[PDB]
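Asks: starting from these lines, generate the structure:
(chains A, B, C and D)
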Amino acid sequence: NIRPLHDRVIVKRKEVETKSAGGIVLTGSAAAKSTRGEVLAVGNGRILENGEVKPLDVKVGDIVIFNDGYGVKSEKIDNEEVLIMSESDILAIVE
Amino acid sequence: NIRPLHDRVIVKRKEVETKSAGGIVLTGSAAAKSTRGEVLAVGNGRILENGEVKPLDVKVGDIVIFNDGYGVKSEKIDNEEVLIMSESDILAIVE
Amino acid sequence: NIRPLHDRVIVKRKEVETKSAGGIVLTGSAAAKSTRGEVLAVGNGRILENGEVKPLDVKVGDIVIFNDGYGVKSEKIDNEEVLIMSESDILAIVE
Amino acid sequence: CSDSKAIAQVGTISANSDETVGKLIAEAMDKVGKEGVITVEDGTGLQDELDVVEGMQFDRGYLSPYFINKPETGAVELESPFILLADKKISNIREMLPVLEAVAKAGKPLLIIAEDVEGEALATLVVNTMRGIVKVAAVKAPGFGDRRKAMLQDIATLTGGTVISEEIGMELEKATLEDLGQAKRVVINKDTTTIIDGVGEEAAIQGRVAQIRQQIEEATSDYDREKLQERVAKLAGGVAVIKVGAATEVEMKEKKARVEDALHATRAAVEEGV
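Replies: Numbers count the residues shown, from 1 in each chain, chains lettered A, B, ... in the order given. The relevant structure is shown in the block below.
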């Protein structure tokens, strides 16, 4: 069991689509890495200057859209690649 | 006995595995330096603007996943290499 | 005597060891500058936004491990080389 | 044609009836053996001389004159040393620390044969040499490319050590005393390194010379055959050099041609009869 620190979130990157808006199979650099994933673990919460900590908005089980960058890190847990990043990288939650 | 100041943590990074997901021996640059270590000493805590100190969330004994960077420093104590870095570089705690 | 301002610390760099884990003498670039020193003088303390000042955690007489960088300055006092740097550059205190 | 008298007669006849040439060639053949190599080069005096070298010797001297422990002869001599065979370039002393500490505990000299050694490592070694921590000498590995690797493996089989290479899957920092070869004496000078009575099982040496013989049987050019024969002689036989003596240069060339003819004729007579 892996749990993040403060306001970091662990997500599982979804498989990139092969057939796009029809039967056309996309092969090569065109298939951009999918920016949707399923959150697995959520940290305790970001810490304020005064001293109180507030819980994150994202709940375990939500599909999120995230901005890949230098702040997003890749880690291999349970022989499975997962993404560890700060909650500020989360842009929207699907449904 | 070495004790860090404020919110710094001393860890002993784990040995890089040789056999990976089977009997195949991995020799060369493929074996990336392991990003898991066992914390040895924990500082008193980070200092808030008003003045009170809050304790760090990592306890001595658990395994952590850390992000190696320019902020992480290596030191030789008891004729053994250890890694000194700020608590903000800790991403998750295993188990 | 020399007294630092605010949260600055004056240390005396330890002599670089010659024999390493045996009788093998290291001559040349192998012998790096030792990152341990004896604290001589300690400033009054860092000043907070409100106006109160909190004394530094390092006391005069202990051995510290410091991160040499652009913030660390070297000065020749009493015909002896000493290092003046901010307290944030101190990583740990030996014993 | 097996007896030495017949060989001397063949060499005498082939050298335009010169008894000294035939006698010298017979002596060289007797001393060096059957698997050895005899070459002819120009001398300096007026008389022919024969120099036969037994064991392993290559044209590499020490990388620093400060390694000399016997200034009377101007040479490095080590008694019962360790041999570190590295198929790599050594520049940072840090790789050398563990084995150096180990041999310091053991208390016997160490000879480092590497592709090349950088100035920082030379400075560290020369500092450590006379201060009494360790007795160290360093030379360059003979040959260039694949032949250098073959020579390193030959020395490893001779001395009973293991070559430290990156391509094989080992690193220098993980070396132990088992990986280091051993010998009885090592003599180094300006130009040549000589390993005397290296400890090794005859089975490995015989296997290596058999492998090189099978290599000889499948080579085309004469230069490669000559190099392989030199390697076989270094492993098992000996190497002889005949220096031709003459007053002038025309006489020198004439006599050198005659001696080479006698050498070829003796080889042919030994292999096929008379």
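Asks: residue ranges of the strands in the chain, please?
Replies: Just going to use chain A. Remark: strands assigned in chain A by DSSP state E are A:2-4, A:8-13, A:36-42, A:46-47, A:53-54, A:63-66, A:73-77, A:80-86, A:90-94.
Asks: please go with chain D instead
Replies: Taking DSSP E, the strands of chain D run over residues D:37-42, D:49-54, D:56-58, D:76-79, D:82-85, D:89-90, D:110-114, D:116-117, D:136-140, D:181-182, D:185-188, D:193-196, D:238-244.
Asks: quick one: contacts for the residue nearest the centre of chain A?
Replies: For chain A, the residue nearest the mean C-alpha position is residue A:11 (3.8 Å; Cα atoms, centre = their mean). By Cβ atoms under 8 Å, 6 or more residues apart in numbering or on different chains, residue A:11 lies in contact with A:37, A:38, A:39, A:40, A:64, A:66, A:82, A:83, A:85. Where C-beta positions appear, they are placed from N, C-alpha and C, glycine not excepted.
Asks: for the nearest residue to it once chain neighbours are set aside, give its distance to residue D:127.
Replies: Spatial nearest neighbour of residue A:11, chain neighbours left out: residue A:37 (3.6 Å); criterion: Cβ to Cβ, 6 or more residues apart in numbering or on different chains. Between residue A:37 and residue D:127 the computed distance is 58 Å (Cβ to Cβ, to the nearest Å).
Asks: now residue D:89
Replies: With distances taken as Cβ to Cβ, residue D:89 is found 21 Å from residue D:127.
Asks: name the residue in those two with the higher neighbour count.
Replies: Taking neighbours as other Cβ atoms under 10 Å in any protein chain shown, residue D:89 and residue D:127 compare with residue D:127 leading, 17 against 10.
Asks: for the more buried one, what are its contacts?
Replies: Residue D:127 neighbours (Cβ under 8 Å, 6+ apart): C:25, C:27.
Asks: before we move on, back to that, can you get me a residue count around the residue nearest to residue A:11?
Replies: Using other Cβ under 10 Å, the number of residues around residue A:37 comes to 21.
Asks: how close does it sit to residue A:7?
Replies: 17 Å.
Asks: stretch D:89-100 close to chain B?
Replies: No. Judged by Cβ under 8 Å from any Cβ of the partner chain, stretch D:89-100 and chain B are separated, with a smallest distance of 12.2 Å.
Asks: buried set for that stretch?
Replies: Under the neighbour-count criterion of 16 or more other Cβ atoms under 10 Å in any protein chain shown, stretch D:89-100 has D:90, D:93, D:95, D:96, D:97, D:98, D:99, D:100 buried.
Asks: which among those residues gets closest to residue B:54?
Replies: Nearest to residue B:54, judged by Cβ to Cβ, of those is residue D:97 at 43.3 Å.
Asks: centre of the chain to stretch D:232-246, how far?
Replies: Mean C-alpha position of stretch D:232-246 versus that of the full chain (Cα atoms, centre = their mean, to the nearest Å) differs by 11 Å.
Asks: tell me which of the strands of chain A sits most buried.
Replies: For the strands of chain A, the largest average neighbour count (mean count of other Cβ atoms under 10 Å in any protein chain shown) is found in strand A:8-13, namely a mean of 21.
Asks: which one of the residues in chain A is closest to chain D?
Replies: Across chain A, the shortest distance to chain D (Cβ to the nearest Cβ) belongs to residue A:76, at 24.1 Å.
Asks: for chain D, which segments count as helices?
Replies: Taking DSSP state H as the criterion, chain D carries its helices at D:4-14, D:19-32, D:97-106, D:119-130, D:146-159, D:202-216, D:222-235, D:249-272.
Asks: if we can go back for a sec, what's the closest non-adjacent residue to the residue of chain A closest to chain D?
Replies: Using Cβ to Cβ, 6+ apart, the closest residue to residue A:76 is residue A:82 (7.7 Å).
Asks: correct me, but that neighbour touches residue A:39?
Replies: No. Residue A:82 is beyond contact range of residue A:39, at 10.1 Å (criterion: Cβ atoms under 8 Å).
Asks: for the most centrally placed residue in chain D, what are its contacts?
Replies: Centroid check for chain D by Cα atoms, centre = their mean gives residue D:57 as the closest residue, at 1.9 Å. By Cβ under 8 Å, 6+ apart, the contact list for residue D:57 reads D:192, D:193, D:194, D:195, D:234, D:239.
Asks: mind giving me the PyMOL select for these, buried ones only?
Replies: Applying 16+ other Cβ under 10 Å to the contacts of residue D:57 leaves a buried subset, and the PyMOL line that selects it is:
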select buried, chain D and resi 193+194+195+234+239
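Asks: so what's the residue count around residue D:38?
Replies: 21.
Asks: and if you look at residue D:8?
Replies: For residue D:8, the count of nearby residues is 21 (other Cβ under 10 Å).
Asks: hang on, it packs against residue D:22?
Replies: Yes. The criterion here is Cβ under 8 Å, and residue D:8 meets it with residue D:22 at 4.3 Å.
Asks: what's the closest non-adjacent residue to residue 7?
Replies: You didn't pick a chain, so chain A it is. Using Cβ to Cβ, 6+ apart, the nearest residue to residue A:7 is residue A:46, at 3.9 Å.
Asks: wait, I meant chain D there
Replies: Residue D:7's closest residue in space is residue D:26 (Cβ to Cβ, 6+ apart), at 4.9 Å.
Asks: now swap in residue A:8 and tell me
Replies: Using Cβ to Cβ, 6+ apart and skipping the chain neighbours, the partner closest in space to residue A:8 is residue A:43 (4.9 Å).
Asks: for the one you found, give me its contacts.
Replies: With Cβ under 8 Å, 6+ apart, residue A:43 has these contacts: A:3, A:4, A:5, A:6, A:7, A:8, A:9, A:56, A:87.
Asks: next: residue A:63.
Replies: Shown in contact with residue A:63 (Cβ under 8 Å, 6+ apart): A:36, A:37, A:38, A:93, A:94, A:95.
Asks: from residue A:78, how far off is the third one?
Replies: This points to residue A:38. Look at residue A:38 and residue A:78: by Cβ to Cβ, they are 14 Å apart.
Asks: pull the residues that contact stretch D:23-30.
Replies: For stretch D:23-30, contacts defined as Cβ under 8 Å, 6+ apart pick out D:4-5, D:7-8, D:11-12, D:38, D:48, D:50, D:52, D:240, D:242, D:259, D:262-263, D:266, D:270.
Asks: report the buried residues of stretch A:54-70.
Replies: A:56, A:58, A:62, A:64, A:66.
Asks: the second one and residue A:8 touch, don't they?
Replies: No. No contact is recorded between residue A:58 and residue A:8 when judged using Cβ under 8 Å, the distance being 11.0 Å.
Asks: so which of the strands of chain D is nearest residue D:156?
Replies: Ranking these by proximity to residue D:156 (Cβ to Cβ) places strand D:82-85 first, at 5.3 Å.
Asks: what about that closest one, distance to the chain center?
Replies: Relative to its chain's centre, strand D:82-85 lies at 15 Å (Cα atoms, centre = their mean).
Asks: then stretch D:178-192?
Replies: Using Cα atoms, centre = their mean, the offset of stretch D:178-192 from its chain centre is 11 Å.
Asks: quick check: buried residues in it?
Replies: D:179, D:180, D:181, D:182, D:183, D:186, D:187, D:188.
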